[PDB]
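S.K.: structure, please.
(chains A and B, ligands or ions: 3)
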Amino acid sequence: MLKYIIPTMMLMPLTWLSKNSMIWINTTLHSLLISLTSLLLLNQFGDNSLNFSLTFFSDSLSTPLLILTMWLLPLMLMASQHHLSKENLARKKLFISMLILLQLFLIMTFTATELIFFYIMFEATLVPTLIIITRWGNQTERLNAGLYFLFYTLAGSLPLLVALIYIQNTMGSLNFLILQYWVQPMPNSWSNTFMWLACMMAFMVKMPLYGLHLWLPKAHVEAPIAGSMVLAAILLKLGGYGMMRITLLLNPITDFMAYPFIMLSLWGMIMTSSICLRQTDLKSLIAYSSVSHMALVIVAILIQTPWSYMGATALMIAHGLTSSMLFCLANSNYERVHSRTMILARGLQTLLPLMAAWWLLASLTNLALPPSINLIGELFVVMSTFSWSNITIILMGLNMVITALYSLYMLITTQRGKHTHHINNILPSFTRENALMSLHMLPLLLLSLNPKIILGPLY
Amino acid sequence: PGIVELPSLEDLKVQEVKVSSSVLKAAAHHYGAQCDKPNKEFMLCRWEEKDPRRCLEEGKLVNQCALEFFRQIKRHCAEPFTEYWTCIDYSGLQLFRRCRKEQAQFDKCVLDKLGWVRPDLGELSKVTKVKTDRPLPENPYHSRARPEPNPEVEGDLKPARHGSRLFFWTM
Ligand SMILES: CCCCCCCCCCCCCCCCCC(=O)OC[C@H](COP(=O)([O-])OC[C@H](O)COP(=O)([O-])OC[C@H](COC(=O)CCCCCCCCCCCCCCCCC)OC(=O)CCCCCCCCCCCCCCCCC)OC(=O)CCCCCCCCCCCCCCCCC
Ligand SMILES: CCCCCCCCCCCCCCCCCC(=O)OC[C@H](COP(=O)([O-])OC[C@H](O)COP(=O)([O-])OC[C@H](COC(=O)CCCCCCCCCCCCCCCCC)OC(=O)CCCCCCCCCCCCCCCCC)OC(=O)CCCCCCCCCCCCCCCCC
Ligand SMILES: CCCCCCCCCCCCCCCCCC(=O)OC[C@H](COP(=O)([O-])OCC[N+](C)(C)C)OC(=O)CCCCCCCCCCCCCCCCC
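M.R.: Numbering: from 1, shown residues only, chains lettered A, B, ... in the order given. Ligands and ions are numbered 1, 2, ... in the order given. Next up is the structure itself:
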């Protein structure tokens, strides 16, 4: 994995030795080359993971997250170069450096063979993200957004450090390859109960769990667009990746300890989706939709059946692409009306027809339209939770009603109806913006032709 | 612990040297000359045994040899010695320097009638060798077995197995 870490590192001289006008072009070009190179991680086998070294490996779980991670960086650089056009050159290079450093931490968060190196990169992803949100955010509440984002995360993860060092001292190694073969059954005790909670609550925070989700609608709406894209697309999926690694060790206690965290998810995806029926802010609606979609991934990991893991990893990749596109579309309106209010600018299919087609496709992939990988992940989670308990289909099916009822409402409020009369700075769609929407949607649609590369280690 | 083992009262009875300190200090140099051998056997036994209970008999030899020192003064030179310890006995600090004429008379009468040379300045502070037949005490501190020390380090120092082994550092 050292053929991906060193090009990402070499993007630091590439953004700091460039001309004052070429720093977006060079970083976009070479990060697109790194994203093209990311497809060599598809050397996956039906029995063995792709094990590079003592430090780095990549199974079929980490590989789609890595391809999505290395693909998201040129897209964040395309989204972020408009609102940072008046920016100082040094601060512009600092923003590009924080995105590069965040990519560098993510691509060896997902490949960390050993779990405390996973912890160090997993908690190292805070600091560039914190700096991006609290420095290049727009409003007053970006500082409170950074405080909530930092102190839910570290409150969840500082027990995780102690739990991982306990596993290091007890088992002898936090190598995930050794812990596949030295895993012992975790019995029923209070020590093992708080062992389970210390292993899980960090990822429950970063997914987010319902009830712990309160950092997210502050951290998504107060971030800039590259921050919103990286929290939606990747930084929620650190929790899912970490759960799918750490629930190996947490058996058979999970089979009676996951009950409060499934209910909180199965009712919470009803609540947050319901919140999306009444959100006046468009970016907050996309944030609460992200909570609603990651609650299904929480249920699918906690029931730990194979169909559930396959649906959860397909749902993570699909939701990453879809929610990143939704934040980019909301940014496309915010760069024209300079307010995130969803009822402000209406009727925008008369004014931006092709951008309304991109809104339509992103709204259809939000509501899980088949055969998209959104519906593949949604459907497989619903199948495995029907296997879990037959009554859950109620809480599933009702959610699939409400997920439609805000996916099209967002389509009808922003793009349909009579347009706002007193708004006249509605420019035609830039080629940068349509390129950004197409680079989100066209991989999301091509992955319907071959979904087997985004279905985890147990396809 | 154990019973302390003391000698009886009959074991300690000996004919004491019942003279005053000025009588002793007046005869001190000739006592250090003539009564050398049992005194040094006793003080050697006293620093080697480190226990007075194992030094009584030699000590009795001291109390045997001092009295024969004084009787040999009493048989021959009782009156110049009597004047000399009286003159020593007058002073508070008991100065030898205030009594040099009685010292000269006592030393002359002793050297004539008994043939004793007074030790010079420096002789009585010498460290002398003592020929005894008593055994050397093999454990005068009544000590016991010292504990076994920890084993030392040996063997050639090989490198560390797989480096530091600190969570993920492969060196
Ligand atoms: C590996 C090779 C693969 C080759 C094949 C490609 C495979 C799929 C790739 C993506 C295909 C869709 C891309 C086009 C849509 C986005 C752009 C757009 O706005 O188009 C309008 C525009 C035409 O409009 P216009 O009149 O010029 O002006 C626009 C209007 O102003 C405003 O526009 P509008 O209002 O007129 O249009 C809105 C309308 C709205 O219509 C709809 O939304 C209705 C259609 C969707 C719902 C109903 C169907 C559900 C699925 C059933 C069909 C699939 C399965 C069938 C198989 C049998 C059964 C299983 O959109 C459409 O009709 C688009 C048709 C395609 C829709 C596909 C489904 C998207 C819905 C969301 C997800 C659904 C599940 C996933 C499906 C995955 C399929 C693979 O299109 C173009 O200009 C096309 C440009 C070139 C597109 C290239 C696409 C491929 C790129 C991949 C590159 C790399 C690989 C190389 C292959 C290249 C192939 C050429
Ligand atoms: C004929 C006689 C002469 C022949 C000469 C032939 C050779 C000529 C060249 C000689 C000079 C040395 C060149 C490098 C040798 C290979 C080192 C290497 O890649 O180790 C892989 C090392 C372990 O990978 P591996 O797959 O297990 O084994 C591959 C090797 O065989 C690993 O081999 P190993 O087992 O022997 O490695 C020992 C151990 C193996 O590693 C471990 O045991 C794992 C733990 C390592 C530390 C993890 C700490 C995590 C928490 C802190 C993270 C900080 C933030 C991350 C970086 C942010 C950017 C600043 O490494 C360490 O203990 C050293 C710590 C890492 C330093 C690596 C050397 C860097 C030199 C250049 C510095 C440039 C900035 C680097 C980034 C700064 C942070 C390091 O990878 C990492 O730890 C991940 C980070 C990447 C390493 C540094 C990349 C070096 C090239 C950078 C070029 C681009 C720079 C752009 C500007 C600066 C950044 C903004
Ligand atoms: C995000 C907000 C909520 C955060 C919740 C975080 C998880 C909740 C539980 C965390 C417990 C603390 C870490 C436990 C690590 C367990 C390691 C282990 O093996 O323990 C076995 C050991 C057992 O000891 P032992 O295993 O060494 O003993 C030898 C073995 N026997 C038992 C056979 C003798 O457990 C403990 O010692 C105590 C475990 C419970 C700890 C109670 C104190 C902490 C209380 C909860 C704090 C939660 C966060 C607070 C912050 C909130 C925000 C400000």
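S.K.: residue A:280 touches residue A:339, doesn't it?
M.R.: No. If you go by Cβ atoms under 8 Å, residue A:280 and residue A:339 don't touch, sitting 10.6 Å apart. C-beta: built from backbone N, CA, C; applies to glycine.
S.K.: can you map out the helices along chain B?
M.R.: Read by DSSP state H, chain B holds these helices, from start to end of the chain: B:21-26, B:28-34, B:36-49, B:56-76, B:78-90, B:100-113.
S.K.: find the centremost residue of chain B, please.
M.R.: Nearest residue to the geometric centre of chain B (Cα atoms, centre = their mean): residue B:43, 3.0 Å.
S.K.: residues in contact with that one?
M.R.: Under the criterion of Cβ atoms under 8 Å, 6 or more residues apart in numbering or on different chains, residue B:43 has no contact partners.
S.K.: let me see the contact set for residue 89.
M.R.: Here I'm looking at chain A. A:20, A:23.
S.K.: oops, chain B please
M.R.: Taking Cβ under 8 Å, 6+ apart, one finds B:20, B:22-23, B:26 in contact with residue B:89.
S.K.: what about the residue in the stretch 201-350 of chain A positioned nearest to ligand 2, how many residues close to it?
M.R.: Closest approach between the stretch 201-350 of chain A and ligand 2, counting by Cβ to the nearest ligand atom: residue A:238, at 16.1 Å. Residues near residue A:238, counting by other Cβ atoms under 10 Å in any protein chain shown, number 23.
S.K.: list the contacts of the strand or helix carrying it.
M.R.: Using DSSP states H and E, residue A:238 falls within helix A:237-246. If you take Cβ under 8 Å, 6+ apart as the criterion, helix A:237-246 is touched by A:61-62, A:65, A:106, A:109-110, A:115, A:118, A:122, A:125, A:176, A:199-200, A:202-208, A:294, A:297-298, A:301-302, A:309, A:312-313, A:316, A:320, A:456.
S.K.: from residue A:248, how far off is residue A:44?
M.R.: The gap separating residue A:44 from residue A:248 is 19 Å, by Cβ to Cβ, to the nearest Å.
S.K.: hmm, back to that, now the helices of chain B as CSV including distance to residue A:219?
M.R.: What follows is those, written out as CSV (distance: least, Cβ to Cβ, whole Å):
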stretch, distance to residue A:219
helix B:21-26, 100
helix B:28-34, 101
helix B:36-49, 87
helix B:56-76, 96
helix B:78-90, 106
helix B:100-113, 109
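S.K.: right, so of those, which gets closest to residue A:393?
M.R.: Checking the helices of chain B against residue A:393 by Cβ to Cβ gives helix B:36-49 as the closest, at 101.1 Å.
S.K.: list the buried residues for the closest one?
M.R.: Using 16 or more other Cβ atoms under 10 Å in any protein chain shown as the test for burial, helix B:36-49 gives B:38-42, B:44-45, B:48.
S.K.: swap in stretch B:70-88?
M.R.: Buried-residue list, stretch B:70-88, by 16+ other Cβ under 10 Å: B:70, B:72-73, B:77, B:80-85, B:87-88.
S.K.: again with stretch A:34-53
M.R.: For stretch A:34-53, by 16+ other Cβ under 10 Å, it's A:34-35, A:38, A:41, A:44, A:49-50.
S.K.: can that stretch be said to contact ligand 1?
M.R.: No. Figure legend: stretch A:34-53 not in contact with ligand 1 (Cβ under 6 Å from any ligand atom); closest approach 12.6 Å.
S.K.: ok, back up a step: which one of the contacts of residue B:89 has the most neighbours?
M.R.: Busiest of these [other Cβ under 10 Å] is residue B:26, holding 28 neighbours.
S.K.: that one and residue B:74, how far apart?
M.R.: Relative to residue B:74, and taking Cβ to Cβ, residue B:26 is found at 13 Å.
S.K.: same question, residue B:138
M.R.: 44 Å.
S.K.: ditto for residue A:436
M.R.: Here residue A:436 is placed at a distance of 132 Å from residue B:74 (Cβ to Cβ).
S.K.: for the residue lying closest to residue A:447 once chain neighbours are set aside, grab the count of nearby residues.
M.R.: Excluding the flanking residues, the one nearest residue A:447 by Cβ to Cβ, 6 or more residues apart in numbering or on different chains is residue A:373, at 5.0 Å. By other Cβ under 10 Å, the residues close to residue A:373 number 29.
S.K.: if I pick residue A:373, what's in contact with it?
M.R.: Contact analysis of residue A:373 by Cβ under 8 Å, 6+ apart lists A:314-315, A:317-318, A:444, A:447-448, A:451, A:454.
S.K.: so what's the residue count around the residue of chain B found nearest ligand 1?
M.R.: The nearest approach of chain B to ligand 1 comes at residue B:168, 39.2 Å away (Cβ to the nearest ligand atom). Using other Cβ under 10 Å, residue B:168 has 19 neighbouring residues.
S.K.: ramachandran angles for it?
M.R.: phi -160, psi 0 (degrees, to the nearest 10).
S.K.: and the gap between it and residue A:116?
M.R.: Per Cβ to Cβ, residue B:168 is found 7 Å from residue A:116.
S.K.: show me whatever sits in contact with both of these two.
M.R.: residue A:174.
S.K.: also near ligand 3: which of the buried residues of stretch B:70-88, exactly?
M.R.: Of the buried residues of stretch B:70-88, not one also sits near ligand 3 (Cβ under 6 Å from any ligand atom).
S.K.: nearest to residue A:163, of those?
M.R.: Top of the list for closeness to residue A:163, among the buried residues of stretch B:70-88 and by Cβ to Cβ, is residue B:88 at 91.6 Å.
S.K.: ok, now which ones touch the closest one?
M.R.: The neighbours of residue B:88, taking Cβ under 8 Å, 6+ apart as the test, are B:22, B:25-26, B:94-96, B:99.
S.K.: try it again at 7 Å.
M.R.: B:22, B:25-26, B:94, B:99 (Cβ atoms under 7 Å, 6 or more residues apart in numbering or on different chains).
S.K.: before we move on, the earlier item: just the contacts of residue A:373: which are in helices?
M.R.: Per DSSP H, the subset of the contacts of residue A:373 in helices is A:314-315, A:317-318, A:444.
S.K.: just the buried ones from those residues, in PyMOL syntax?
M.R.: Buried subset of the ones in helices among the contacts of residue A:373, written as a PyMOL selection, criterion 16+ other Cβ under 10 Å:
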select buried, chain A and resi 314+315+317+318+444
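S.K.: need the ones in helices among the contacts of residue A:373 in TSV (columns: distance to ligand 2).
M.R.: TSV is the format used below for the ones in helices among the contacts of residue A:373 (distance: Cβ to the nearest ligand atom, whole Å):
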residue	distance to ligand 2
A:314	29
A:315	30
A:317	25
A:318	30
A:444	31
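S.K.: farthest pair within the ones in helices among the contacts of residue A:373?
M.R.: A:315 and A:444 (12.5 Å).
S.K.: ranges for the strands of chain A?
M.R.: Taking DSSP state E, the strands of chain A run over residues A:50-51, A:57-58.
S.K.: how about residue A:165: what's its closest non-neighbour residue?
M.R.: residue A:116 (7.2 Å).
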